[PDB]
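# structure here, sequence nowhere to be found:
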Ligand SMILES: Nc1ncnc2c1ncn2[C@@H]1O[C@H](COP(=O)(O)OP(=O)(O)O)[C@@H](O)[C@H]1O
């Protein structure tokens, strides 16, 4: 490596001297704790180390060395249902060796080196490959796990061992170019694997949560933010999103969060049962969690790990979930490193790197097409936390640029408890001019109007409320008061939802389209009805609205059972009017 | 259709330019064994030393060392390694270490006379 | 050739090396690695003792033993040719399609020198852009500076593209048309999402005007710094096509917001005291030097049309960026956030959109001279309206008297009818017409801004 | 029967388009191939001279 030692210390930072010809940003084992730092500044013989391992009582003179390589992941199977924290280290083992805490400086391998796996070579000796193709599969859960050749690695094949039980350790395929391709390989995180070309959106991505999807859906590539103050769902809706999918694997970060904040999250997972495999849903999930008593800077590392996993799996044909918990952390991180390198921070105190890197973080995801001609798409859904509790800080506001659509939340709804608290006079979508193909393909064409035809309602709900509280609903007439309880239903059976209800736990387009016709009716009937000299009082009392008020209950199977059931009752009861 | 026509043409001209390049490469690689190789030595040797306002010593293949007698008299003399088509040198201190590879001379002129060749060529 | 070694500091896109003596403030140099792969290099501060190099890449794995610089040129110039249209380039300016590196004809500096006012000739032609908004009120004169203010998550791009396909001169009011003119554009962004990208492309091929165009593309994922290089690079591709090749090129800028972002970085990370609200002060210059290039010179058949589009956060026109832009620039057309989610497209409306170049010989003379004053009526006409947007919400359903009722009645009307255009195209006349039709609901004798003839002429 | 008339019209519109779009390629592609060739042939003659010229410049 290179030898040298310490020079001065400042909290998470330390400077080091005598190192020279050293590389830029590396695995820097520092101290006899051996702390993996990173060279941010390279100045003369004087190296800034930058730990991700909590400091305490170092001195001056301890050895400092460095690989001369950045930071990358052991790849292979065994990933699902694993822990890796932010610095890749797998808590599993740690948990065991270190009692009951987290203790810095304890080092282990990441991915296991003892586990056996059946091997099916899909390659033969003397063959020729290309960088990113598959060499062989491995049975992992309900998955065709594959060993994708690393980038810029190709050539003839010297041998191929036949089937067997192995650890990822051995090369099964040594190239006829003298290249022993072991299963895992090294791909530095701060970069992205390329793809043969990129495939593009036109396919909906559903987490199935009603309103969320139905009003402002997102596509399967895409990008979106979540912001709002503490309280409305942010911290925990995401958990819930995981419990359903329109995707395969589920890769979950977490940063700066507290242990209790992710407890259940872990342990419940085996009871969750995906229905797209029927599996116990922990089998396709990833713990990349981070405490909140790590170095500020380890909330950098942590983020990058996720996404770099995502591609790997995605190139293995898959639909990937990344659900970024709080960029605020990350922010703060860099905000701290600043102090160290002493830079005039841009307004509100941040480095003006800011959205530099952010920008790229969003890009990398999406649906693509690989060398292997496989599909897979990365979906990302990021959360934010500005102090005041809204757009009023650049770190949130500029986040709104490099993105697709966003999912606003606000305090006020959180008080009266409407989970989620989306301000539906908030957010926008940016795909609903291109999700219609798949729409009138599964629902049927009468979704592409009628949905919109719900919107008009709440548009017009706004415009009147204003005056309602300014005078009273009283000096307003029937048709006015119409929409008032239209809107009402749009909340009663949408906005108000739970993620605790065994029933509304998962919901779908059928229920969607379902109530999408239900409501329609009242309108269309009543519009004529109140012009039958009828008073809206009475129309409010017509119990059939009350019936639809049980809408969130029909467990979604026997859903057209009750659809059609009450369908008639509408055209029944109202034939009096 | 037009786009295919354009590509085709430009592509083709690329075949041309590459050949012309190749011939230079071939030619430049044939200069040592053209008898004018000692002649060539000091042209470039003097040339680099002139460009280095400092002086220290020159460094080159032992091959071309003989051809140079001039700055075998002058300089500190430390005529070593290989700069091999080109001549290298270093002036005072480690500093800047200005050289003159013949192949870098192609690349220099290329960046210029990319334009001129095309005029000569298609006409 | 030359050859420089002796690093001293690396940290952020700022480099340091001594023993320079004949380096040029702003010079493209190289950065040979040890791995073997070159990186860029600007001389953004030569000094007697050391100097600043400006890494156009990031640095990674970089060392203190093989980091080797080589002055490529003193200044950045670039070649160009006519024949290179439909090709792709990037911030560096290497071709991206895979076809030959261009053969220049003439190289020319990139920073340029500015115009001479004597050499400029006043604008005087305008085009039909296909949306009334502009095309009635503000009048997009040829070779103008028009910024289109938008916010995120608004239809920023789309609307731009429309213009690109409906942009066309008017022979009718003259004797000269596209039987005397072809047409063309040069587009670049400076990094964007992917989603905006492809979307873009499909409107050039289906128009097919792609061929006769130039693309520079930086994608929002390349080294950040090359955000500040790129504009100019393309911008010199404008004069070149304008003056010796002679053309009618629309040049489009979008993502300038992000321009300055990066700008800032070098700005302050190196040093300079910030020159206002978290930005450097020469920001002004840097955004002068970009926009200023437009216009036409005497007797030339070029046309340097700058159309920038960008978005500041919120809608504060007072947020730094559009700020100064305003002074600098000329045009000013706004999206209107409010209109957006009430479904009217393009949401552009005058609420502070306030043109500039209008009076100078278009929308009149050659054009109907029952246009100018039309506009002006409508202007205040709208005023008179919307005032009451508040007063209504204060008094009650109504307490206003009968006449003034009409005001509000035409407001709501106007917006809905007039301002909504589908993928439509309304000719300048088809437009205009409507205008008098909206003047209809106001009785005469309230319209007091246009002569007696005109008023009845088209009532 | 008017729906029939238009339906049939479409046919002709798609056919005329089809046949011709295929034809346009023929003429263009073989002209592309032809001219591309014709610039190679154009080049050949003074190709040499360029090398001579360039070589003379770089050398000292
Ligand atoms: N989607 C929801 N919207 C609002 N509150 C919810 C929702 N789901 C659950 N809650 C309740 O609010 C709690 C906290 O919401 P959240 O903003 O995620 O967390 P915190 O502010 O505690 O970090 C939930 O754990 C639960 O008690």
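It's in. Residues are numbered from 1 along each chain as shown, chains lettered A, B, ... in the order given.
# wait, what's in contact with residue A:69?
Neighbour list for residue A:69: A:23, A:26-27, A:186, A:188, C:61 [criterion: Cβ atoms under 8 Å, 6 or more residues apart in numbering or on different chains]. C-beta coordinates here come from the backbone N, C-alpha and C atoms, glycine included.
# longest helix of the chain?
Assuming you mean chain A. Counting residues, the longest helix found in chain A (DSSP state H) is helix A:509-529.
# my question was about chain D
Ranked by residue count under DSSP H, the longest helix found in chain D is helix D:2-44.
# and the next helix or strand after it, which residues are buried?
Next helix or strand after helix D:2-44 toward the C-terminus (DSSP states H and E): helix D:47-58. Residues of helix D:47-58 classed as buried by neighbour count (16 or more other Cβ atoms under 10 Å in any protein chain shown): D:50-51, D:54-55, D:58.
# what's the longest helix of chain A packed up against?
With contacts defined as 3 or more Cβ pairs under 8 Å, 6 or more residues apart in numbering or on different chains; DSSP states H and E, the secondary structure elements packing on helix A:509-529 are helix A:210-215, helix A:452-470, helix A:478-490, helix A:544-548, helix A:559-573.
# can you name the residue of chain A nearest to chain D?
residue A:445 (20.6 Å; Cβ to the nearest Cβ).
# check contacts around that residue.
Applying Cβ under 8 Å, 6+ apart, one finds that residue A:445 lies in contact with residue A:439.
# repeat that for 10 Å
Remark: with contacts taken as Cβ atoms under 10 Å, 6 or more residues apart in numbering or on different chains, residue A:445 is in contact with A:436, A:439.
# tell me the gap between the longest helix of chain A and the middle of its chain.
Remark: helix A:509-529 is offset 34 Å from the chain centroid, using Cα atoms, centre = their mean, to the nearest Å.
# what does stretch A:122-140 give?
Centre-to-centre, stretch A:122-140 and its host chain are 31 Å apart (Cα atoms, centre = their mean).
# mind checking the end-to-end distance for that stretch?
This stretch, stretch A:122-140, spans 16 Å end to end (Cα to Cα, to the nearest Å).
# mind listing what's buried along that stretch?
Taking 16+ other Cβ under 10 Å as the neighbour-count basis, stretch A:122-140 is seen to contain the buried residues A:123, A:127, A:129, A:132-138, A:140.
# quick one: which of the residues you listed is nearest to residue A:369?
Nearest to residue A:369 among the buried residues of stretch A:122-140, counting by Cβ to Cβ, is residue A:132 at 11.3 Å.
# buried residues, the longest helix of chain A. List them.
Buried residues in helix A:509-529, counting neighbours by 16+ other Cβ under 10 Å, are found at A:509, A:511-516, A:518-519, A:522-523, A:525-526, A:529.
# helices and strands around the helix or strand following that helix, which ones?
Proceeding N to C from helix A:509-529, the next assigned helix or strand is helix A:536-541, under DSSP H and E. Using 3 or more Cβ pairs under 10 Å, 6 or more residues apart in numbering or on different chains; DSSP states H and E as the contact criterion, the elements in contact with helix A:536-541 are helix A:478-490, helix A:509-529.
# helix or strand for the nearest residue to residue C:441 once chain neighbours are set aside, which one?
With Cβ to Cβ, 6 or more residues apart in numbering or on different chains as the measure, residue C:410 is the residue that lies nearest to residue C:441, at 4.8 Å, once sequence neighbours are left out. Remark: residue C:410 resides in helix C:405-419, with elements defined by DSSP H and E.
# by contact count, what packs against that helix?
With contacts taken as 3+ Cβ pairs under 10 Å, 6+ apart, helix C:405-419 sits against helix C:372-386, helix C:388-395, helix C:428-439.
# check whether the longest one comes near chain A.
No: looking at helix C:372-386 against chain A by Cβ under 10 Å from any Cβ of the partner chain, there are no contacts, and the closest approach is 15.7 Å.
# closest residue of chain D to chain C?
Per Cβ to the nearest Cβ, residue D:58 is where chain D lies closest to chain C, at 12.0 Å.
# I'd say that residue and residue B:86 touch.
No: here residue D:58 does not reach residue B:86: they are 11.7 Å apart, not a contact under Cβ atoms under 10 Å.
# close to chain D, is the biggest helix by length in chain B?
Of all the segments of type helix in chain B, defined by DSSP H, the longest one is helix B:2-29. Yes: contact between helix B:2-29 and chain D is present through B:2-13, B:15-17, B:19-28 (criterion: Cβ under 10 Å from any Cβ).
# and the contacts of residue A:69, which two are the farthest apart?
Of all pairs drawn from the contacts of residue A:69, the one with the largest separation by Cβ to Cβ is A:23 and A:186; the distance is 15.1 Å.
# so for these two, which sits in the more crowded spot?
A count of neighbours by other Cβ atoms under 10 Å in any protein chain shown puts residue A:23 above the other of residue A:23 and residue A:186, at 24 against 13.
# tell me the gap between stretch A:360-376 and the middle of its chain.
On the basis of Cα atoms, centre = their mean, stretch A:360-376 is displaced by 16 Å from the centre of the chain it belongs to.
# what's near enough to touch residue A:482?
If you count contacts by Cβ under 10 Å, 6+ apart, residue A:482 has them with A:457, A:460, A:464, A:476, A:522-523, A:526-527, A:529-530, A:536, A:539.
# and of those residues, the nearest to residue C:149?
Each of the contacts of residue A:482 was checked against residue C:149 using Cβ to Cβ; the closest is residue A:460, at 28.6 Å.
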